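Pasted below: work.txt, compact mmCIF, N, CA and C atoms.
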# COMPACT_ATOMS: atom_id res chain seq x y z
N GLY N 1 -6.19 -2.52 -4.68
CA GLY N 1 -4.87 -2.11 -5.15
C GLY N 1 -4.96 -0.88 -6.01
N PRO N 2 -3.85 -0.17 -6.24
CA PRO N 2 -3.83 1.05 -7.04
C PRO N 2 -3.43 0.77 -8.49
N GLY N 3 -3.45 -0.48 -8.84
CA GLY N 3 -3.07 -0.92 -10.15
C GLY N 3 -3.46 -2.34 -10.32
N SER N 4 -4.72 -2.58 -10.11
CA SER N 4 -5.29 -3.90 -10.18
C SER N 4 -6.17 -3.98 -11.43
N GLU N 5 -6.79 -5.14 -11.69
CA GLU N 5 -7.71 -5.21 -12.80
C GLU N 5 -8.95 -4.44 -12.41
N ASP N 6 -9.50 -4.80 -11.27
CA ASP N 6 -10.59 -4.06 -10.72
C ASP N 6 -10.38 -3.81 -9.24
N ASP N 7 -10.55 -4.84 -8.43
CA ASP N 7 -10.47 -4.65 -6.99
C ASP N 7 -9.12 -5.00 -6.37
N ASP N 8 -8.80 -6.29 -6.33
CA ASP N 8 -7.64 -6.79 -5.56
C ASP N 8 -6.36 -6.86 -6.36
N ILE N 9 -6.27 -7.87 -7.20
CA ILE N 9 -5.06 -8.14 -7.96
C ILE N 9 -5.22 -7.64 -9.39
N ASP N 10 -4.11 -7.39 -10.04
CA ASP N 10 -4.11 -6.95 -11.42
C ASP N 10 -4.35 -8.14 -12.34
N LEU N 11 -4.68 -7.83 -13.59
CA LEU N 11 -4.87 -8.81 -14.65
C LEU N 11 -3.60 -9.68 -14.71
N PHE N 12 -2.46 -9.02 -14.66
CA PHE N 12 -1.20 -9.70 -14.63
C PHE N 12 -0.58 -9.41 -13.28
N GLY N 13 -0.82 -10.28 -12.35
CA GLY N 13 -0.31 -10.10 -11.02
C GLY N 13 -0.10 -11.41 -10.37
N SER N 14 0.08 -11.39 -9.08
CA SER N 14 0.32 -12.59 -8.35
C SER N 14 -0.74 -12.77 -7.26
N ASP N 15 -1.73 -13.58 -7.56
CA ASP N 15 -2.81 -13.91 -6.61
C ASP N 15 -2.37 -15.04 -5.67
N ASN N 16 -1.50 -15.90 -6.19
CA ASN N 16 -1.08 -17.15 -5.52
C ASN N 16 -0.20 -16.96 -4.30
N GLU N 17 0.24 -15.77 -4.06
CA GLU N 17 1.15 -15.55 -2.96
C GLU N 17 0.41 -15.18 -1.68
N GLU N 18 0.90 -15.71 -0.57
CA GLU N 18 0.29 -15.46 0.72
C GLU N 18 0.77 -14.15 1.32
N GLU N 19 1.84 -13.61 0.74
CA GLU N 19 2.38 -12.32 1.14
C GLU N 19 1.30 -11.27 1.00
N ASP N 20 0.55 -11.37 -0.11
CA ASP N 20 -0.61 -10.53 -0.41
C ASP N 20 -0.21 -9.08 -0.63
N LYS N 21 -0.30 -8.65 -1.86
CA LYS N 21 0.10 -7.32 -2.26
C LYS N 21 -0.77 -6.22 -1.68
N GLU N 22 -1.99 -6.55 -1.34
CA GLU N 22 -2.90 -5.60 -0.75
C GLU N 22 -2.51 -5.44 0.71
N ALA N 23 -2.26 -6.58 1.36
CA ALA N 23 -1.86 -6.60 2.75
C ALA N 23 -0.50 -5.94 2.93
N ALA N 24 0.43 -6.25 2.05
CA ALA N 24 1.76 -5.67 2.08
C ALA N 24 1.70 -4.17 1.87
N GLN N 25 0.78 -3.74 1.01
CA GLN N 25 0.63 -2.34 0.73
C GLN N 25 0.09 -1.59 1.94
N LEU N 26 -0.89 -2.14 2.64
CA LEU N 26 -1.48 -1.45 3.79
C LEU N 26 -0.48 -1.31 4.94
N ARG N 27 0.56 -2.13 4.90
CA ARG N 27 1.64 -2.04 5.85
C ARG N 27 2.47 -0.80 5.52
N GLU N 28 2.82 -0.67 4.26
CA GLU N 28 3.61 0.46 3.80
C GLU N 28 2.77 1.74 3.84
N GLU N 29 1.49 1.60 3.51
CA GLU N 29 0.56 2.72 3.44
C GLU N 29 0.46 3.44 4.79
N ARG N 30 0.45 2.70 5.90
CA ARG N 30 0.39 3.34 7.17
C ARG N 30 1.72 4.02 7.49
N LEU N 31 2.82 3.40 7.07
CA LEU N 31 4.14 3.96 7.32
C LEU N 31 4.27 5.32 6.62
N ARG N 32 3.65 5.41 5.45
CA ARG N 32 3.60 6.64 4.66
C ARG N 32 2.79 7.71 5.39
N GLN N 33 1.60 7.32 5.88
CA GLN N 33 0.69 8.27 6.53
C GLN N 33 1.28 8.79 7.84
N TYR N 34 2.01 7.93 8.53
CA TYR N 34 2.70 8.32 9.72
C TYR N 34 3.81 9.29 9.40
N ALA N 35 4.57 8.98 8.36
CA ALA N 35 5.69 9.80 7.93
C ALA N 35 5.26 11.24 7.59
N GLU N 36 4.03 11.38 7.15
CA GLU N 36 3.49 12.69 6.81
C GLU N 36 3.18 13.50 8.06
N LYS N 37 2.34 12.95 8.91
CA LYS N 37 1.89 13.63 10.12
C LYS N 37 2.98 13.78 11.19
N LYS N 38 3.82 12.77 11.34
CA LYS N 38 4.88 12.76 12.37
C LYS N 38 6.14 13.47 11.88
N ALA N 39 5.94 14.38 10.96
CA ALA N 39 6.97 15.20 10.37
C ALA N 39 6.25 16.20 9.49
N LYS N 40 5.26 16.84 10.07
CA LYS N 40 4.39 17.75 9.35
C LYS N 40 5.07 19.08 9.09
N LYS N 41 5.73 19.14 7.98
CA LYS N 41 6.46 20.29 7.54
C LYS N 41 6.69 20.16 6.05
N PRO N 42 6.15 21.07 5.24
CA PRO N 42 6.35 21.03 3.81
C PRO N 42 7.76 21.51 3.42
N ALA N 43 7.89 22.81 3.19
CA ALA N 43 9.12 23.46 2.83
C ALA N 43 8.82 24.93 2.64
N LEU N 44 8.93 25.67 3.70
CA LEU N 44 8.72 27.09 3.66
C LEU N 44 9.91 27.75 4.29
Translate this structure into structure tokens?
Amino acid sequence: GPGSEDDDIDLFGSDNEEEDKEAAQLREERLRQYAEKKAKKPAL
């Protein structure tokens, strides 16, 4: 995670959920990476 204690979950986070914040993030993370390349245009 980008705001965890060390690796997975934060000191104050939710480990008990099956949704999984790391898993949920990698879902959004790919959507972000796609949004960049599949619309490759900054502002010029």
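For chain N, backbone-based DSSP labels the following residues as alpha helix (DSSP H): residues 21, 22, 23, 24, 25, 26, 27, 28, 29, 30, 31, 32, 33, 34, 35, 36 and 37 of chain N.
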message: Report, in Å to a single decimal, how far apart atom N of residue 22 in chain N and atom N of residue 8 in chain N are.
response: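 That distance, rounded to one decimal, is 8.4 Å.
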- prompt: CA of residue 21 in chain N and CA of residue 9 in chain N, how far apart in Å?
  reply: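 One can read the CA of residue 9 in chain N to CA of residue 21 in chain N distance as 7.7 Å.
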8 Å per side around range 12-19 of chain N: axis-aligned box centre and edge lengths, as lines of an AutoDock Vina configuration file:
center_x = -0.2
center_y = -13.1
center_z = -6.7
size_x = 21.2
size_y = 24.1
size_z = 32.0
message: Quick check, in Å to one decimal: how far apart do atom N of residue 19 in chain N and atom C of residue 33 in chain N lie?
response: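 Those two atoms sit 23.5 Å apart.
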